[PDB]
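This report concerns only the one structure given below.
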Number of protein chains: 2
Amino acid sequence: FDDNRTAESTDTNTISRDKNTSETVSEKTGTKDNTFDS
Amino acid sequence: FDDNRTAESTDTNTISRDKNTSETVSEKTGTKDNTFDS
């Protein structure tokens with residue numbers, strides 16, 4: 001959540017709002033095999 | 001999801017909402033062989 005309020009005087013008041021929401025999901029699987037012979 | 005609402009006075013209200021979706025699929029594959037002699 002972020003809000004900003006700007007105003008100037010010598011009267012052109014400016015107000016802004018914005019919504020940032022995000023989610024990420026990730027599933028990682030692996031498999032490693034090895035054989036040795038001495 | 002993120003929504004932005006803003007207005008100014010002295011109205012010109014502005015509404016802008018965004019949607020973004022991503023999906024990355026990765027494939028890993030490898031092979032490593034080695035020999036030793038002494």
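Letters A, B, ... go to the chains of the structure tokens in the order shown; residues in each chain start at 1; ligands are counted from 1 in the same order.
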
Output as a tab-separated table one row per residue of chain A within 8 Å of chain B: the closest atom pair and its distance in Å to one decimal place, counting only C-alpha atoms, sorted by chain and residue number ascending.
```
residue	atom	partner	partner_atom	distance
A:11	CA	B:10	CA	4.6
A:12	CA	B:10	CA	4.9
A:13	CA	B:9	CA	5.0
A:14	CA	B:8	CA	4.3
A:15	CA	B:7	CA	5.2
A:16	CA	B:6	CA	3.9
A:17	CA	B:5	CA	4.6
A:18	CA	B:4	CA	3.3
A:19	CA	B:2	CA	3.7
A:20	CA	B:2	CA	3.8
A:21	CA	B:1	CA	4.7
A:22	CA	B:1	CA	5.9
```

With C-alpha atoms retained, write the just-selected residues as a PDB file, in the first residue's frame.
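Listed below is the output, again-v3.pdb:
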```pdb
ATOM      1  CA  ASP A  11      -4.442  25.353  -5.890  1.00  0.00           C
ATOM      2  CA  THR A  12      -3.807  22.340  -8.153  1.00  0.00           C
ATOM      3  CA  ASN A  13      -4.016  19.751  -5.383  1.00  0.00           C
ATOM      4  CA  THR A  14      -3.065  16.266  -6.575  1.00  0.00           C
ATOM      5  CA  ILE A  15      -3.962  12.991  -4.853  1.00  0.00           C
ATOM      6  CA  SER A  16      -2.999   9.515  -6.054  1.00  0.00           C
ATOM      7  CA  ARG A  17      -3.595   5.897  -5.073  1.00  0.00           C
ATOM      8  CA  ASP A  18      -2.352   2.561  -6.410  1.00  0.00           C
ATOM      9  CA  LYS A  19      -2.755  -1.099  -5.428  1.00  0.00           C
ATOM     10  CA  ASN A  20       0.097  -3.590  -5.782  1.00  0.00           C
ATOM     11  CA  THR A  21      -0.653  -7.207  -4.874  1.00  0.00           C
ATOM     12  CA  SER A  22       1.056 -10.269  -6.327  1.00  0.00           C
TER      13      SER A  22
END
```

Just fit chain A onto chain B on all the Cα atoms, in order, by least squares, and give it as an mmCIF file with C-alpha atoms, in the first residue's frame.
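Contents of result_3.cif, freshly written:
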```cif
data_model
loop_
_atom_site.group_PDB
_atom_site.id
_atom_site.type_symbol
_atom_site.label_atom_id
_atom_site.label_comp_id
_atom_site.auth_asym_id
_atom_site.auth_seq_id
_atom_site.Cartn_x
_atom_site.Cartn_y
_atom_site.Cartn_z
ATOM 1 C CA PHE A 1 -3.409 -7.764 -8.514
ATOM 2 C CA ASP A 2 -2.753 -4.040 -8.208
ATOM 3 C CA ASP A 3 -5.194 -1.125 -8.170
ATOM 4 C CA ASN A 4 -4.609 2.609 -7.818
ATOM 5 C CA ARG A 5 -7.038 5.513 -7.433
ATOM 6 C CA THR A 6 -5.999 9.124 -8.044
ATOM 7 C CA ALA A 7 -8.018 12.331 -7.778
ATOM 8 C CA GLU A 8 -7.193 16.027 -7.521
ATOM 9 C CA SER A 9 -9.217 19.038 -6.401
ATOM 10 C CA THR A 10 -8.882 22.805 -6.707
ATOM 11 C CA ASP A 11 -12.623 16.876 -10.778
ATOM 12 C CA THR A 12 -10.445 14.801 -13.135
ATOM 13 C CA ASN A 13 -10.822 11.549 -11.211
ATOM 14 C CA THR A 14 -8.583 8.789 -12.569
ATOM 15 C CA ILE A 15 -9.035 5.053 -11.988
ATOM 16 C CA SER A 16 -6.786 2.307 -13.347
ATOM 17 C CA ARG A 17 -6.624 -1.485 -13.379
ATOM 18 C CA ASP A 18 -4.116 -4.008 -14.724
ATOM 19 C CA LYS A 19 -3.769 -7.802 -14.689
ATOM 20 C CA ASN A 20 -0.380 -9.498 -14.358
ATOM 21 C CA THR A 21 -0.333 -13.299 -14.518
ATOM 22 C CA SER A 22 2.554 -15.441 -15.732
ATOM 23 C CA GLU A 23 3.787 -19.012 -15.386
ATOM 24 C CA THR A 24 7.141 -20.601 -16.220
ATOM 25 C CA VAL A 25 8.048 -24.284 -16.494
ATOM 26 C CA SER A 26 11.517 -25.686 -17.147
ATOM 27 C CA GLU A 27 12.941 -29.203 -17.348
ATOM 28 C CA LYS A 28 16.707 -29.686 -17.131
ATOM 29 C CA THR A 29 18.547 -32.995 -17.491
ATOM 30 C CA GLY A 30 22.249 -33.748 -17.264
ATOM 31 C CA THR A 31 24.803 -36.509 -17.644
ATOM 32 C CA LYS A 32 28.385 -36.647 -16.382
ATOM 33 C CA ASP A 33 30.954 -39.401 -16.893
ATOM 34 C CA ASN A 34 34.538 -39.742 -15.709
ATOM 35 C CA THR A 35 37.279 -42.372 -15.835
ATOM 36 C CA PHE A 36 40.363 -42.525 -13.619
ATOM 37 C CA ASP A 37 43.555 -44.549 -14.049
ATOM 38 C CA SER A 38 46.414 -44.536 -11.542
#
```

Run DSSP on the backbone of this structure and report the residues of chain B it assigns to strand (DSSP E or B), as a ChimeraX atom specification. /B:2-9,14-18
